[PDB]
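Right, one structure below, let's go through it.
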Amino acid sequence: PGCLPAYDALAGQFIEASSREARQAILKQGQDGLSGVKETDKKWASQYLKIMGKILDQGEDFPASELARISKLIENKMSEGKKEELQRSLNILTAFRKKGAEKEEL
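If you read the sequence shown in the authors' numbering, its first letter stands for residue 155, the second for the next number, and so on.
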């Protein structure tokens with residue numbers, strides 16, 4: 155598993171922004187930054203941006219719920235092939251946790 159430090163930076167800038175317009179601007183930067191993202195890396199960059207689109211309205215509550223979902227799936231009877239995807243999901247979702255906030259077991 156891994157992450158996109160480029161979009162982790164954007165995630166920070168996004169979720170910590172009290173301005174909806176500022177949030178959208180940060181998302182756009184990621185959307186435009188795709189021009190410098192590898193075809194493999196785009197598989198994660200897409201997730202970052204989609205999550206941002208939801209957080210815009212829902213706040214950090216959204217990825218927080220998703221983290222709970224992914225965590226449960228890991229404990230659940232999933233096939234090995236899915237374990238990598240679940241771990242990757244946690245990293246991307248975690249990036250959208252408000253700075254300084256308590257981190258839950260994943």
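Here a beta-carbon is modelled for each residue, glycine too, at the ideal position from N, C-alpha and C.
Beta-carbon proximity list for residue i, same chain, < 7 Å, skipping 5 on both sides
i: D195; result: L158
i: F250; result: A165, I169, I205, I209, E214, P217
i: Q183; result: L164
Beta-carbon proximity check, residue i vs residue j, cutoff 8 Å
i: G207; j: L181; result: yes
i: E220; j: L240; result: no
i: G187; j: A163; result: no
i: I224; j: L244; result: yes
Spatial neighbours of residue i in its chain, beta-carbon cut-off 8 Å, leaving aside the 5 residues before and after
i: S189; result: none
i: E238; result: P155
i: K252; result: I169, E170, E214
i: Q178; result: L210
i: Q185; result: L203
i: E259; result: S225
Neighbourhood of residue i by C-beta, 6 Å cutoff - its chain only, sequence neighbours within 5 removed
i: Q167; result: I180
Unbroken stretches of the alpha helix (DSSP H), 4 residues or longer, contained in the stretch 156 to 214: 159 to 169, 174 to 187, 196 to 212
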